[PDB]
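Below is one structure; the comments refer to it alone.
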Amino acid sequence: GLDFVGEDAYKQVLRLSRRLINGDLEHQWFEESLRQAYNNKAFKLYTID
DNA sequence: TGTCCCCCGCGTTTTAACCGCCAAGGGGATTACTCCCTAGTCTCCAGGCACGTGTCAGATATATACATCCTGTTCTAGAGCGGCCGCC
């Protein structure tokens, strides 16, 4: 369920940051989703927690 | 005994070693279900062991023959000496 289709990207990355701070996201998957979601442009949110 | 060049003691400046802190995510450790194969017999039989023996490669033997090592003699190169020549 890390895909972004059928949902606004901003609310989705907000929820992703919530579970990212929550410590149950397996970080590499989170930066991979950011890479294939915003075409590598969201590199500043890797250390949001 | 000498030497000289190879290694030690020390000054200086980097450098990565140890420590403080942080997550991670493969991975060690534990628990459980289950499934194969190894524990344990019965019977037997075909390979393995004790016995017996003809035999074929190794050892003894000795003149012959290697075979290299030690030594003697000769060849040739090197240093010393002496005679001859030119110069002051």
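Chain labels run A, B, ... following the order of the structure tokens; each chain numbers its residues from 1, and ligands are numbered from 1 in the order shown.
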Please check the contacts: residues of chain B at most 10 Å away from chain A, using only C-alpha atoms (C1' of nucleotides), listed as a PyMOL selection string.
chain B and resi 23-25
If you keep N, CA, C and O atoms (P, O5', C5', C4', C3', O3' and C1' of nucleotides), can you produce a file of those selected residues as a tab-separated table (two decimals), in the first residue's frame?
chain	number	residue	atom	x	y	z
B	23	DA	P	17.08	7.97	16.97
B	23	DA	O5'	16.37	6.84	16.09
B	23	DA	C5'	17.06	5.63	15.82
B	23	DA	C4'	17.09	5.34	14.33
B	23	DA	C3'	16.34	4.08	13.93
B	23	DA	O3'	15.92	4.17	12.58
B	23	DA	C1'	18.67	3.74	13.65
B	24	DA	P	15.05	2.98	11.94
B	24	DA	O5'	16.14	2.00	11.30
B	24	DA	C5'	16.98	2.45	10.25
B	24	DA	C4'	17.62	1.28	9.51
B	24	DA	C3'	16.73	0.06	9.34
B	24	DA	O3'	16.98	-0.55	8.09
B	24	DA	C1'	18.60	-0.49	10.71
B	25	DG	P	15.79	-1.24	7.27
B	25	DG	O5'	16.54	-2.24	6.28
B	25	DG	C5'	17.93	-2.50	6.46
B	25	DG	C4'	18.15	-3.84	7.14
B	25	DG	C3'	17.06	-4.89	6.89
B	25	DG	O3'	17.65	-6.11	6.48
B	25	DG	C1'	17.55	-4.75	9.17
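All residues in chain A with a DSSP state of helix (DSSP H, G or I), computed from the backbone, read residues 9, 10, 11, 12, 13, 14, 15, 16, 17, 18, 19, 20, 21, 28, 29, 30, 31, 32, 33, 34, 35, 43, 44 and 45 of chain A.
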Export N, CA, C and O atoms of the chosen residues as a compact mmCIF listing (two decimals), in the first residue's frame?
# COMPACT_ATOMS: atom_id res chain seq x y z
N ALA A 9 -1.43 13.45 -3.17
CA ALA A 9 -0.05 13.15 -2.82
C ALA A 9 0.35 13.78 -1.49
O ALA A 9 1.11 13.18 -0.72
N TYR A 10 -0.15 14.99 -1.20
CA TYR A 10 0.28 15.69 0.00
C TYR A 10 -0.27 15.04 1.27
O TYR A 10 0.46 14.86 2.25
N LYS A 11 -1.56 14.67 1.27
CA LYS A 11 -2.11 13.96 2.42
C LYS A 11 -1.46 12.59 2.57
O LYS A 11 -1.24 12.12 3.70
N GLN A 12 -1.13 11.95 1.45
CA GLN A 12 -0.47 10.65 1.51
C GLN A 12 0.93 10.76 2.11
O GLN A 12 1.32 9.91 2.92
N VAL A 13 1.70 11.79 1.75
CA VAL A 13 3.04 11.90 2.32
C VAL A 13 2.96 12.39 3.76
O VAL A 13 3.83 12.07 4.58
N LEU A 14 1.90 13.12 4.12
CA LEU A 14 1.68 13.45 5.52
C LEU A 14 1.43 12.20 6.36
O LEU A 14 2.03 12.03 7.43
N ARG A 15 0.56 11.30 5.87
CA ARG A 15 0.33 10.04 6.56
C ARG A 15 1.60 9.19 6.59
O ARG A 15 1.90 8.55 7.61
N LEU A 16 2.35 9.18 5.49
CA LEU A 16 3.60 8.44 5.43
C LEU A 16 4.61 8.98 6.43
O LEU A 16 5.34 8.20 7.05
N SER A 17 4.65 10.30 6.62
CA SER A 17 5.53 10.87 7.63
C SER A 17 5.05 10.54 9.04
O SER A 17 5.87 10.38 9.95
N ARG A 18 3.73 10.42 9.23
CA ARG A 18 3.21 9.98 10.52
C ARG A 18 3.69 8.58 10.87
O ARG A 18 4.27 8.35 11.94
N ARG A 19 3.49 7.62 9.95
CA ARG A 19 4.00 6.27 10.18
C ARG A 19 5.52 6.21 10.14
O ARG A 19 6.12 5.26 10.66
N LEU A 20 6.17 7.20 9.53
CA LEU A 20 7.62 7.24 9.46
C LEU A 20 8.21 7.63 10.81
O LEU A 20 9.19 7.03 11.27
N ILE A 21 7.61 8.63 11.46
CA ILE A 21 7.99 8.99 12.82
C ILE A 21 7.59 7.87 13.78
O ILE A 21 8.31 7.59 14.75
N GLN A 28 14.14 2.60 4.15
CA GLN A 28 14.54 2.45 2.75
C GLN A 28 13.34 2.37 1.82
O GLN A 28 13.35 2.95 0.72
N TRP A 29 12.26 1.72 2.27
CA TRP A 29 11.02 1.73 1.52
C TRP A 29 10.43 3.14 1.42
O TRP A 29 9.86 3.50 0.39
N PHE A 30 10.58 3.95 2.48
CA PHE A 30 10.04 5.31 2.44
C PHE A 30 10.80 6.18 1.44
O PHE A 30 10.17 6.90 0.65
N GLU A 31 12.14 6.14 1.44
CA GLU A 31 12.84 6.93 0.43
C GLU A 31 12.65 6.36 -0.97
O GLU A 31 12.65 7.11 -1.95
N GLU A 32 12.45 5.04 -1.09
CA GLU A 32 12.14 4.47 -2.40
C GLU A 32 10.79 4.96 -2.92
O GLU A 32 10.65 5.29 -4.11
N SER A 33 9.79 5.03 -2.04
CA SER A 33 8.49 5.56 -2.43
C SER A 33 8.58 7.03 -2.79
O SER A 33 7.92 7.49 -3.73
N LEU A 34 9.39 7.80 -2.06
CA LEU A 34 9.61 9.20 -2.42
C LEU A 34 10.33 9.33 -3.76
O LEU A 34 10.08 10.29 -4.50
N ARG A 35 11.22 8.39 -4.07
CA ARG A 35 11.93 8.42 -5.35
C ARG A 35 10.99 8.14 -6.51
O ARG A 35 11.03 8.83 -7.54
N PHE A 43 13.72 14.93 -2.09
CA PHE A 43 14.88 14.45 -1.35
C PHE A 43 15.08 15.14 -0.01
O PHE A 43 15.88 14.66 0.80
N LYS A 44 14.37 16.24 0.24
CA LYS A 44 14.51 16.97 1.49
C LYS A 44 13.63 16.43 2.61
O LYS A 44 13.79 16.85 3.76
N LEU A 45 12.72 15.51 2.31
CA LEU A 45 11.84 14.92 3.31
C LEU A 45 12.33 13.56 3.79
O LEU A 45 11.58 12.84 4.45
